[PDB]
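Have a look at data_19.tsv; it's TSV, C-alpha atoms:
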chain	number	residue	atom	x	y	z
A	1	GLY	CA	0.00	0.00	0.00
A	2	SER	CA	2.95	2.27	-0.67
A	3	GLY	CA	1.63	5.20	-2.69
A	4	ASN	CA	-0.50	4.13	-5.64
A	5	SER	CA	-0.70	0.77	-7.41
A	6	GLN	CA	0.28	1.05	-11.06
A	7	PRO	CA	-1.87	-1.09	-13.40
A	8	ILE	CA	0.26	-2.48	-16.21
A	9	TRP	CA	-2.74	-2.28	-18.54
A	10	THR	CA	-1.35	0.03	-21.18
A	11	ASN	CA	0.90	-2.34	-23.09
A	12	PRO	CA	-1.32	-5.17	-24.38
A	13	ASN	CA	1.61	-7.52	-24.98
A	14	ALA	CA	2.96	-6.96	-21.47
A	15	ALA	CA	-0.49	-7.47	-19.95
A	16	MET	CA	-1.01	-10.57	-22.10
A	17	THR	CA	2.23	-11.91	-20.65
A	18	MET	CA	0.53	-12.06	-17.25
A	19	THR	CA	-2.42	-13.87	-18.81
A	20	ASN	CA	-0.09	-16.44	-20.38
A	21	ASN	CA	1.95	-16.83	-17.19
A	22	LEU	CA	-1.24	-17.48	-15.20
A	23	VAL	CA	-2.12	-20.47	-17.37
A	24	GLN	CA	1.44	-21.73	-17.10
A	25	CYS	CA	1.38	-21.26	-13.32
A	26	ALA	CA	-1.96	-23.08	-13.10
A	27	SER	CA	-0.63	-25.83	-15.35
A	28	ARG	CA	2.38	-26.41	-13.08
A	29	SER	CA	0.29	-26.35	-9.91
A	30	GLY	CA	-2.42	-28.80	-10.93
A	31	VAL	CA	-4.84	-27.47	-8.34
A	32	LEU	CA	-7.29	-26.51	-11.06
A	33	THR	CA	-9.56	-28.74	-13.16
A	34	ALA	CA	-10.24	-29.13	-16.90
A	35	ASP	CA	-12.98	-26.54	-16.44
A	36	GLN	CA	-10.61	-24.01	-14.97
A	37	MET	CA	-7.60	-24.76	-17.17
A	38	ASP	CA	-9.64	-24.52	-20.37
A	39	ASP	CA	-11.49	-21.36	-19.30
A	40	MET	CA	-8.17	-19.75	-18.40
A	41	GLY	CA	-6.85	-21.16	-21.65
A	42	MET	CA	-9.50	-19.37	-23.69
A	43	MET	CA	-8.82	-16.33	-21.50
A	44	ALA	CA	-5.33	-16.00	-22.95
A	45	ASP	CA	-6.75	-16.92	-26.34
A	46	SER	CA	-9.53	-14.32	-26.22
A	47	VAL	CA	-7.10	-11.50	-25.39
A	48	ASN	CA	-4.93	-12.63	-28.30
A	49	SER	CA	-7.73	-13.23	-30.81
A	50	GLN	CA	-9.46	-9.94	-29.98
A	51	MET	CA	-6.19	-8.08	-30.54
A	52	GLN	CA	-5.65	-9.73	-33.93
A	53	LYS	CA	-9.17	-8.54	-34.81
A	54	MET	CA	-8.16	-4.96	-34.05
A	55	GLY	CA	-4.53	-4.63	-35.06
A	56	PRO	CA	-1.05	-3.76	-33.69
A	57	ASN	CA	-2.55	-0.68	-32.06
A	58	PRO	CA	-6.09	-1.09	-30.69
A	59	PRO	CA	-8.18	1.55	-28.86
A	60	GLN	CA	-6.98	1.82	-25.26
A	61	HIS	CA	-10.56	1.84	-23.94
A	62	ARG	CA	-10.93	-1.75	-25.20
A	63	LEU	CA	-7.80	-2.78	-23.30
A	64	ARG	CA	-9.41	-1.07	-20.33
A	65	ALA	CA	-12.37	-3.43	-20.66
A	66	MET	CA	-9.96	-6.34	-21.08
A	67	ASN	CA	-8.61	-5.64	-17.58
A	68	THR	CA	-11.78	-6.70	-15.79
A	69	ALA	CA	-12.52	-9.38	-18.38
A	70	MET	CA	-9.30	-11.25	-17.62
A	71	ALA	CA	-9.70	-10.66	-13.89
A	72	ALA	CA	-13.33	-11.81	-13.78
A	73	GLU	CA	-12.53	-14.93	-15.78
A	74	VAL	CA	-9.88	-16.08	-13.29
A	75	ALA	CA	-12.26	-15.31	-10.43
A	76	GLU	CA	-15.07	-17.30	-12.04
A	77	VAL	CA	-12.53	-20.05	-12.64
A	78	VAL	CA	-11.43	-20.21	-8.99
A	79	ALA	CA	-15.00	-19.87	-7.68
A	80	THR	CA	-16.04	-22.97	-9.63
A	81	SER	CA	-13.89	-25.18	-7.41
A	82	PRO	CA	-15.31	-27.29	-4.53
A	83	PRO	CA	-15.07	-25.73	-1.02
A	84	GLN	CA	-11.92	-27.65	-0.12
A	85	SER	CA	-10.29	-26.88	-3.45
A	86	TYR	CA	-11.48	-23.27	-3.55
A	87	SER	CA	-9.02	-22.12	-0.89
A	88	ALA	CA	-6.19	-24.02	-2.56
A	89	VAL	CA	-6.89	-22.69	-6.06
A	90	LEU	CA	-7.44	-19.19	-4.67
A	91	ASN	CA	-4.13	-19.27	-2.79
A	92	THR	CA	-2.38	-20.61	-5.88
A	93	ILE	CA	-3.84	-18.05	-8.30
A	94	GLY	CA	-3.33	-15.26	-5.77
A	95	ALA	CA	0.36	-16.09	-5.83
A	96	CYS	CA	0.44	-16.75	-9.59
A	97	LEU	CA	-0.84	-13.21	-10.21
A	98	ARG	CA	2.04	-11.76	-8.22
A	99	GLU	CA	4.64	-13.87	-10.03
A	100	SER	CA	3.11	-13.32	-13.46
A	101	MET	CA	3.35	-9.56	-12.91
A	102	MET	CA	7.02	-9.80	-11.96
A	103	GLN	CA	7.70	-11.97	-15.01
A	104	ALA	CA	5.65	-9.72	-17.28
A	105	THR	CA	6.78	-6.24	-16.27
A	106	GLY	CA	9.23	-6.88	-13.47
A	107	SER	CA	7.13	-5.38	-10.70
A	108	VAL	CA	4.08	-6.62	-8.80
A	109	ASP	CA	0.84	-4.73	-9.36
A	110	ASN	CA	-1.62	-5.02	-6.51
A	111	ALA	CA	-4.49	-3.27	-8.28
A	112	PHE	CA	-5.22	-6.15	-10.64
A	113	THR	CA	-4.26	-8.82	-8.11
A	114	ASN	CA	-6.55	-7.25	-5.48
A	115	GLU	CA	-9.43	-6.89	-7.94
A	116	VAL	CA	-9.41	-10.62	-8.71
A	117	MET	CA	-9.47	-11.42	-4.99
A	118	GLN	CA	-12.54	-9.28	-4.41
A	119	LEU	CA	-14.12	-10.77	-7.53
A	120	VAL	CA	-13.61	-14.40	-6.57
A	121	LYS	CA	-14.86	-13.84	-3.01
A	122	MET	CA	-17.95	-12.10	-4.37
A	123	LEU	CA	-18.68	-14.92	-6.82
A	124	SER	CA	-18.48	-17.28	-3.88
A	125	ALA	CA	-20.67	-15.11	-1.66
A	126	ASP	CA	-24.35	-15.92	-2.07
A	127	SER	CA	-25.64	-13.23	0.26
A	128	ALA	CA	-27.87	-10.28	-0.63
A	129	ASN	CA	-27.93	-9.16	2.99
A	130	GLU	CA	-25.28	-8.69	5.69
A	131	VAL	CA	-25.57	-12.03	7.45
A	132	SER	CA	-23.63	-10.93	10.50
A	133	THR	CA	-25.60	-10.77	13.75
B	1	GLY	CA	-35.18	-12.61	-5.41
B	2	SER	CA	-38.39	-14.58	-5.78
B	3	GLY	CA	-37.23	-18.14	-5.20
B	4	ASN	CA	-34.28	-19.38	-7.23
B	5	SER	CA	-33.33	-18.36	-10.76
B	6	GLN	CA	-32.16	-20.59	-13.57
B	7	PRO	CA	-29.32	-18.93	-15.53
B	8	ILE	CA	-30.58	-18.20	-19.04
B	9	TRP	CA	-27.08	-18.97	-20.35
B	10	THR	CA	-28.41	-22.42	-21.25
B	11	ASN	CA	-28.61	-20.93	-24.73
B	12	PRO	CA	-25.64	-18.79	-25.79
B	13	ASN	CA	-27.63	-17.06	-28.53
B	14	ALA	CA	-30.45	-16.25	-26.12
B	15	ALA	CA	-27.90	-14.70	-23.77
B	16	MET	CA	-26.22	-12.91	-26.69
B	17	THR	CA	-29.63	-11.39	-27.41
B	18	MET	CA	-29.41	-9.62	-24.04
B	19	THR	CA	-25.94	-8.39	-24.94
B	20	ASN	CA	-27.38	-6.85	-28.11
B	21	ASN	CA	-30.44	-5.41	-26.36
B	22	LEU	CA	-28.23	-3.87	-23.67
B	23	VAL	CA	-26.22	-1.95	-26.26
B	24	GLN	CA	-29.43	-0.83	-27.95
B	25	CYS	CA	-30.99	0.23	-24.64
B	26	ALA	CA	-27.79	2.06	-23.68
B	27	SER	CA	-27.59	3.69	-27.10
B	28	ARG	CA	-31.23	4.76	-26.98
B	29	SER	CA	-30.78	6.15	-23.46
B	30	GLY	CA	-27.53	7.93	-24.25
B	31	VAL	CA	-26.41	8.03	-20.63
B	32	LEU	CA	-23.13	6.32	-21.47
B	33	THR	CA	-20.17	7.92	-23.19
B	34	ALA	CA	-18.69	6.83	-26.54
B	35	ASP	CA	-15.97	4.96	-24.64
B	36	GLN	CA	-18.38	2.90	-22.57
B	37	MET	CA	-20.81	2.43	-25.46
B	38	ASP	CA	-18.15	1.10	-27.82
B	39	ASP	CA	-16.74	-1.21	-25.14
B	40	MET	CA	-20.21	-2.66	-24.65
B	41	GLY	CA	-20.44	-2.89	-28.42
B	42	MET	CA	-17.25	-4.93	-28.63
B	43	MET	CA	-18.62	-6.97	-25.72
B	44	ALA	CA	-21.34	-8.16	-28.09
B	45	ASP	CA	-18.71	-8.73	-30.79
B	46	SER	CA	-16.37	-10.66	-28.50
B	47	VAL	CA	-19.11	-13.10	-27.47
B	48	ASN	CA	-20.30	-13.22	-31.08
B	49	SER	CA	-16.90	-14.12	-32.53
B	50	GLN	CA	-15.92	-16.30	-29.54
B	51	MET	CA	-19.05	-18.34	-30.16
B	52	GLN	CA	-18.05	-18.88	-33.79
B	53	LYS	CA	-14.64	-20.07	-32.61
B	54	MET	CA	-16.28	-22.63	-30.33
B	55	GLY	CA	-19.02	-23.72	-32.70
B	56	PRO	CA	-22.85	-23.63	-32.54
B	57	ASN	CA	-22.61	-25.47	-29.23
B	58	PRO	CA	-19.49	-24.46	-27.26
B	59	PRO	CA	-18.24	-26.14	-24.04
B	60	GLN	CA	-20.82	-25.78	-21.27
B	61	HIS	CA	-18.20	-24.70	-18.73
B	62	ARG	CA	-17.06	-21.94	-21.08
B	63	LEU	CA	-20.60	-20.55	-21.21
B	64	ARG	CA	-20.43	-20.59	-17.41
B	65	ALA	CA	-17.36	-18.35	-17.56
B	66	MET	CA	-18.74	-16.13	-20.35
B	67	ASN	CA	-21.68	-15.31	-18.07
B	68	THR	CA	-19.47	-13.36	-15.69
B	69	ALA	CA	-17.36	-11.91	-18.52
B	70	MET	CA	-20.34	-10.18	-20.16
B	71	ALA	CA	-21.56	-8.92	-16.79
B	72	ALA	CA	-18.11	-7.64	-15.83
B	73	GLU	CA	-17.78	-5.62	-19.03
B	74	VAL	CA	-21.09	-3.86	-18.40
B	75	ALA	CA	-20.18	-3.30	-14.76
B	76	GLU	CA	-16.79	-1.86	-15.66
B	77	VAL	CA	-18.13	0.69	-18.14
B	78	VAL	CA	-20.74	1.81	-15.60
B	79	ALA	CA	-18.03	2.13	-12.93
B	80	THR	CA	-15.91	4.20	-15.31
B	81	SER	CA	-18.57	6.91	-15.50
B	82	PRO	CA	-18.16	10.34	-13.79
B	83	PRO	CA	-18.99	10.41	-10.04
B	84	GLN	CA	-22.38	11.97	-10.70
B	85	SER	CA	-23.15	9.98	-13.81
B	86	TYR	CA	-22.22	6.66	-12.20
B	87	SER	CA	-25.57	6.49	-10.42
B	88	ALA	CA	-27.29	7.52	-13.66
B	89	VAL	CA	-25.65	4.89	-15.86
B	90	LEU	CA	-26.01	2.25	-13.14
B	91	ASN	CA	-29.76	2.78	-12.89
B	92	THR	CA	-30.00	2.74	-16.69
B	93	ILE	CA	-28.13	-0.54	-17.12
B	94	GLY	CA	-30.04	-2.13	-14.25
B	95	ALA	CA	-33.30	-1.19	-15.93
B	96	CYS	CA	-32.13	-2.33	-19.37
B	97	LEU	CA	-30.91	-5.60	-17.83
B	98	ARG	CA	-34.42	-6.69	-16.85
B	99	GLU	CA	-36.01	-5.60	-20.13
B	100	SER	CA	-33.27	-7.26	-22.17
B	101	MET	CA	-33.86	-10.57	-20.41
B	102	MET	CA	-37.63	-10.38	-20.82
B	103	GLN	CA	-37.28	-9.69	-24.54
B	104	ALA	CA	-34.57	-12.32	-24.95
B	105	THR	CA	-35.70	-15.35	-22.96
B	106	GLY	CA	-39.11	-14.18	-21.82
B	107	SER	CA	-38.12	-14.20	-18.17
B	108	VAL	CA	-36.00	-12.00	-15.92
B	109	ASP	CA	-32.73	-13.72	-15.06
B	110	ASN	CA	-31.97	-12.67	-11.48
B	111	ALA	CA	-28.55	-14.29	-11.41
B	112	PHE	CA	-27.06	-12.17	-14.18
B	113	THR	CA	-28.96	-8.99	-13.30
B	114	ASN	CA	-27.85	-9.29	-9.67
B	115	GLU	CA	-24.28	-10.17	-10.65
B	116	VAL	CA	-23.88	-6.95	-12.65
B	117	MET	CA	-25.12	-4.85	-9.73
B	118	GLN	CA	-22.67	-6.44	-7.32
B	119	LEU	CA	-19.85	-6.22	-9.85
B	120	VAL	CA	-20.31	-2.53	-10.61
B	121	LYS	CA	-20.50	-1.47	-6.95
B	122	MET	CA	-17.35	-3.43	-6.14
B	123	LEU	CA	-15.57	-2.41	-9.35
B	124	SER	CA	-15.62	1.25	-8.33
B	125	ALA	CA	-14.89	0.58	-4.66
B	126	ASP	CA	-11.14	0.73	-4.19
B	127	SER	CA	-10.79	0.71	-0.42
B	128	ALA	CA	-9.29	-2.28	1.36
B	129	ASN	CA	-9.16	-0.60	4.76
B	130	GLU	CA	-11.83	0.21	7.34
B	131	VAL	CA	-13.20	3.64	6.47
B	132	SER	CA	-15.72	3.23	9.27
B	133	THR	CA	-14.77	3.86	12.90

Starting from the file, lay out its structure as structure tokens.
Amino acid sequence: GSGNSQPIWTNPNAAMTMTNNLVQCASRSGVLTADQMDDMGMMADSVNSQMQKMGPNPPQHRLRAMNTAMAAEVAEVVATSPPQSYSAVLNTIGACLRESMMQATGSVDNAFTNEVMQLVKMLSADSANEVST
Amino acid sequence: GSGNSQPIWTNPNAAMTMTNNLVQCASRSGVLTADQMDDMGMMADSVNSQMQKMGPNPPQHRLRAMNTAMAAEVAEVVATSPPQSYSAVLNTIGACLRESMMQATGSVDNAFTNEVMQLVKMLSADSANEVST
């Protein structure tokens, strides 16, 4: 929480590197299932295939929307796991995000990493009311 | 809210119909900026072209993921609105959500409509510390 977290979402290739590294990290952890690995697989694919539809220089606002797309996909992925596996996959991905950032840009962004954490918890929180009394 | 709600993503084209209706409803309201409108537009395109890549009947688990992807894109654009327009766009999308579903499947999908509302509120809430006493 030192200062401001700098989202690497400005260079699409650099950001895509994190997406690729996530799948590789998941593939070498084995905590995830065919569901998760294939959804994350098409996650990296979608980013790639949408870019090739646009060109070597797409509109930055689209990359903006890709930020939450990639993040939400991973969260949906993790939240699909059984209760016992959920914590394990979450822990794994939560670490994979950190590493992927360091391998992509060289520094760890917390903005994206944090967003995914809040996403995955929310997808796993079936509560429309504060059930705390 | 009334009982449970069966996700209308049992048919990808039926769901895609909502994606199209959302853009139309947003375009006809004009509450959203060109940025947010075009991102929602490419949201329809991304699902559209992704579907083609996966065939007339893509993997069921991928449709599961795509559910949250579409919702996240709408939530992001709403959460990227000005501080005074955020409430305006939010209300607009929430209204269009219901109508879109009713004109797409014939019923109001609570799961997706609720997901977007939770997403957008969280998406614009960057505060991981207790702001309350």

- Message: Which residue is closest to residue 91 (chain B)? Choose from B:124, B:78, B:104, B:61 and count all atoms listed in the file.
- Response: B:78

- Query: Which of these residues is nearest to residue 27 (chain B), using only C-alpha atoms: B:96, B:6, B:85, B:13?
  - Reply: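 The closest residue to residue 27 (chain B) is B:96.
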
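For the pair CA of residue 31 (chain B) and CA of residue 73 (chain A), the separation is 27.3 Å.
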
- Message: Counting all atoms listed in the file, a student should be able to say which residues of chain B come within 10 Å of chain A; what is the right answer, written as a ChimeraX atom specification?
- Response: /B:1,34-36,38-40,42-43,45-47,49-50,53,59-77,80,114-115,118-119,122-123,125-126,128

Is it possible to see chain A as a compact mmCIF listing (two decimals) with C-alpha atoms, in the frame of the given file, once it has been laid onto chain B by a least-squares fit on every C-alpha atom in order?
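Contents of result28.txt, freshly written:
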# COMPACT_ATOMS: atom_id res chain seq x y z
CA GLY A 1 -36.25 -13.52 -4.08
CA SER A 2 -38.95 -16.07 -4.76
CA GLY A 3 -37.27 -19.47 -4.74
CA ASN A 4 -34.14 -19.58 -6.88
CA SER A 5 -33.01 -17.27 -9.68
CA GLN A 6 -32.64 -19.13 -12.96
CA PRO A 7 -29.61 -18.02 -15.02
CA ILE A 8 -30.45 -18.10 -18.72
CA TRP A 9 -26.85 -19.04 -19.49
CA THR A 10 -27.40 -22.34 -21.23
CA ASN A 11 -28.59 -21.16 -24.63
CA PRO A 12 -25.81 -18.98 -26.08
CA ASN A 13 -28.10 -17.32 -28.62
CA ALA A 14 -30.67 -16.46 -25.95
CA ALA A 15 -27.96 -15.10 -23.64
CA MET A 16 -26.42 -13.16 -26.54
CA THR A 17 -29.83 -11.58 -27.06
CA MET A 18 -29.46 -9.89 -23.67
CA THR A 19 -25.99 -8.69 -24.66
CA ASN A 20 -27.36 -7.20 -27.88
CA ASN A 21 -30.36 -5.66 -26.12
CA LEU A 22 -28.05 -4.00 -23.58
CA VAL A 23 -26.19 -2.14 -26.32
CA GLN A 24 -29.48 -1.15 -27.91
CA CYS A 25 -30.82 0.02 -24.54
CA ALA A 26 -27.63 2.00 -23.90
CA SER A 27 -27.81 3.45 -27.40
CA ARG A 28 -31.36 4.70 -26.84
CA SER A 29 -30.56 6.14 -23.42
CA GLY A 30 -27.46 8.12 -24.31
CA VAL A 31 -26.26 8.18 -20.72
CA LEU A 32 -23.09 6.35 -21.70
CA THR A 33 -20.03 7.65 -23.55
CA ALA A 34 -18.02 6.49 -26.59
CA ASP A 35 -15.88 4.54 -24.13
CA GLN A 36 -18.84 2.69 -22.71
CA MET A 37 -20.78 2.23 -25.95
CA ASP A 38 -17.75 0.82 -27.78
CA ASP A 39 -16.71 -1.46 -24.90
CA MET A 40 -20.26 -2.78 -24.68
CA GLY A 41 -20.19 -2.97 -28.46
CA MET A 42 -17.16 -5.25 -28.45
CA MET A 43 -18.86 -7.13 -25.61
CA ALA A 44 -21.61 -8.29 -27.94
CA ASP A 45 -18.99 -8.78 -30.64
CA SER A 46 -16.69 -10.88 -28.45
CA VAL A 47 -19.50 -13.26 -27.46
CA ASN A 48 -20.37 -13.62 -31.14
CA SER A 49 -16.82 -13.92 -32.47
CA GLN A 50 -15.81 -16.42 -29.78
CA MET A 51 -18.81 -18.58 -30.66
CA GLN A 52 -17.95 -18.55 -34.37
CA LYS A 53 -14.47 -19.74 -33.33
CA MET A 54 -16.01 -22.73 -31.57
CA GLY A 55 -19.05 -23.72 -33.59
CA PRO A 56 -22.85 -24.19 -33.35
CA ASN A 57 -22.32 -26.18 -30.16
CA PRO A 58 -19.49 -24.97 -27.91
CA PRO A 59 -18.44 -26.44 -24.53
CA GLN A 60 -20.87 -25.26 -21.85
CA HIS A 61 -18.02 -24.46 -19.44
CA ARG A 62 -16.90 -21.72 -21.85
CA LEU A 63 -20.39 -20.22 -21.83
CA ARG A 64 -20.12 -20.40 -18.06
CA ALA A 65 -17.04 -18.18 -18.25
CA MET A 66 -18.86 -15.90 -20.68
CA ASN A 67 -21.43 -15.17 -17.96
CA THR A 68 -19.03 -13.22 -15.76
CA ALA A 69 -17.17 -11.83 -18.77
CA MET A 70 -20.27 -10.06 -20.08
CA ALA A 71 -21.28 -9.00 -16.58
CA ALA A 72 -17.85 -7.64 -15.65
CA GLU A 73 -17.59 -5.72 -18.91
CA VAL A 74 -20.84 -3.83 -18.27
CA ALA A 75 -19.72 -3.15 -14.70
CA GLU A 76 -16.35 -1.82 -15.86
CA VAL A 77 -18.25 0.23 -18.42
CA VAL A 78 -20.56 1.83 -15.85
CA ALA A 79 -17.75 2.33 -13.32
CA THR A 80 -15.80 4.39 -15.86
CA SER A 81 -18.39 7.17 -15.71
CA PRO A 82 -17.91 10.39 -13.67
CA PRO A 83 -19.54 10.44 -10.18
CA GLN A 84 -22.61 12.32 -11.37
CA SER A 85 -23.00 10.10 -14.42
CA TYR A 86 -22.19 6.88 -12.57
CA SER A 87 -25.53 6.78 -10.76
CA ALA A 88 -27.39 7.59 -13.97
CA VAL A 89 -25.61 4.97 -16.08
CA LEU A 90 -25.91 2.43 -13.27
CA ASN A 91 -29.65 3.05 -12.93
CA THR A 92 -30.05 2.83 -16.70
CA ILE A 93 -28.06 -0.39 -17.12
CA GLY A 94 -29.69 -1.89 -14.04
CA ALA A 95 -33.03 -1.44 -15.77
CA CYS A 96 -31.69 -2.43 -19.21
CA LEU A 97 -30.60 -5.79 -17.79
CA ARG A 98 -34.12 -6.48 -16.57
CA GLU A 99 -35.70 -5.52 -19.90
CA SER A 100 -33.10 -7.35 -21.97
CA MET A 101 -33.86 -10.54 -20.04
CA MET A 102 -37.59 -10.19 -20.67
CA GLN A 103 -36.93 -9.56 -24.37
CA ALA A 104 -34.42 -12.40 -24.58
CA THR A 105 -36.15 -15.20 -22.70
CA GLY A 106 -39.37 -13.63 -21.52
CA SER A 107 -38.55 -13.67 -17.82
CA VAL A 108 -36.28 -11.52 -15.65
CA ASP A 109 -33.24 -13.23 -14.15
CA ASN A 110 -31.95 -11.59 -11.01
CA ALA A 111 -28.81 -13.71 -10.71
CA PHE A 112 -27.02 -12.04 -13.62
CA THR A 113 -28.58 -8.63 -12.97
CA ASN A 114 -27.54 -8.78 -9.29
CA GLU A 115 -24.01 -9.93 -10.15
CA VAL A 116 -23.41 -6.88 -12.35
CA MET A 117 -24.62 -4.59 -9.56
CA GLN A 118 -22.17 -6.05 -7.07
CA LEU A 119 -19.45 -5.90 -9.72
CA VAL A 120 -19.94 -2.25 -10.62
CA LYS A 121 -20.10 -1.17 -6.96
CA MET A 122 -16.90 -3.09 -6.25
CA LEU A 123 -15.09 -1.51 -9.20
CA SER A 124 -16.11 1.84 -7.81
CA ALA A 125 -15.07 0.97 -4.26
CA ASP A 126 -11.43 1.80 -3.61
CA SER A 127 -11.31 0.44 -0.07
CA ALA A 128 -9.19 -2.44 1.22
CA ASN A 129 -10.54 -1.93 4.73
CA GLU A 130 -14.01 -1.41 6.21
CA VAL A 131 -14.07 2.37 6.39
CA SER A 132 -17.06 2.51 8.69
CA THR A 133 -16.41 3.88 12.18

- Task: Extract, using only C-alpha atoms, all DNA, RNA and protein residues at most 8 Å from residue 44 (chain B), discarding same-chain residues fewer than 6 positions from it, and format them as a list in words.
- Result: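 Final neighbour list, sorted by chain and number: residues 16, 19 and 20 of chain B.
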
- Counting only C-alpha atoms, which of B:3, B:100, B:33, B:28 gets nearest to residue 86 (chain B)?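 Among the listed residues, B:33 lies closest to residue 86 (chain B).
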
- Would you mind reading off the distance between CA of residue 97 (chain B) and CA of residue 112 (chain A), one decimal, in Å? 26.7 Å

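Between CA of residue 106 (chain B) and CA of residue 17 (chain B) lies a distance of 11.4 Å.
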
Near residue 30 (chain A), counting all atoms listed in the file, which residues have an atom at most 10 Å away, once you skip same-chain residues fewer than 6 positions from it, shown as a CSV table (one decimal) with C-alpha atoms, keeping the file's coordinate frame?
chain,number,residue,atom,x,y,z
A,37,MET,CA,-7.6,-24.8,-17.2
A,89,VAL,CA,-6.9,-22.7,-6.1
A,92,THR,CA,-2.4,-20.6,-5.9

Missing atoms in region 75-92 of chain A: fill them in up to N, CA and C atoms and send the result as a compact mmCIF listing (two decimals), in the frame of the given file.
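Produced file part.txt, reproduced below:
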# COMPACT_ATOMS: atom_id res chain seq x y z
N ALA A 75 -11.43 -15.24 -11.62
CA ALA A 75 -12.26 -15.31 -10.43
C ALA A 75 -13.37 -16.33 -10.59
N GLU A 76 -14.03 -16.32 -11.75
CA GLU A 76 -15.07 -17.30 -12.04
C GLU A 76 -14.46 -18.69 -12.02
N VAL A 77 -13.29 -18.81 -12.62
CA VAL A 77 -12.53 -20.05 -12.64
C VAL A 77 -12.34 -20.60 -11.22
N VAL A 78 -11.73 -19.79 -10.36
CA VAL A 78 -11.43 -20.21 -8.99
C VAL A 78 -12.71 -20.54 -8.22
N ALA A 79 -13.75 -19.74 -8.43
CA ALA A 79 -15.00 -19.87 -7.68
C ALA A 79 -15.81 -21.09 -8.12
N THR A 80 -15.34 -21.79 -9.15
CA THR A 80 -16.04 -22.97 -9.63
C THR A 80 -15.57 -24.22 -8.88
N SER A 81 -14.47 -24.08 -8.15
CA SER A 81 -13.89 -25.18 -7.41
C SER A 81 -14.77 -25.58 -6.23
N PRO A 82 -14.65 -26.83 -5.76
CA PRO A 82 -15.31 -27.29 -4.53
C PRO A 82 -14.75 -26.53 -3.33
N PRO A 83 -15.45 -26.54 -2.18
CA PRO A 83 -15.07 -25.73 -1.02
C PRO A 83 -13.63 -25.98 -0.59
N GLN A 84 -13.26 -27.25 -0.56
CA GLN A 84 -11.92 -27.65 -0.12
C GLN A 84 -10.86 -27.23 -1.12
N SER A 85 -11.23 -27.21 -2.39
CA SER A 85 -10.29 -26.88 -3.45
C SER A 85 -10.23 -25.37 -3.67
N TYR A 86 -11.34 -24.71 -3.35
CA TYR A 86 -11.48 -23.27 -3.55
C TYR A 86 -10.34 -22.50 -2.90
N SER A 87 -10.08 -22.78 -1.63
CA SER A 87 -9.02 -22.12 -0.89
C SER A 87 -7.66 -22.38 -1.53
N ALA A 88 -7.45 -23.62 -1.96
CA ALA A 88 -6.19 -24.02 -2.56
C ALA A 88 -5.96 -23.33 -3.90
N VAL A 89 -6.98 -23.34 -4.76
CA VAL A 89 -6.89 -22.69 -6.06
C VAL A 89 -6.72 -21.18 -5.88
N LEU A 90 -7.49 -20.62 -4.95
CA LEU A 90 -7.44 -19.19 -4.67
C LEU A 90 -6.03 -18.78 -4.25
N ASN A 91 -5.49 -19.51 -3.28
CA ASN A 91 -4.13 -19.27 -2.79
C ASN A 91 -3.13 -19.35 -3.94
N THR A 92 -3.27 -20.38 -4.76
CA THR A 92 -2.38 -20.61 -5.88
C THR A 92 -2.44 -19.44 -6.87
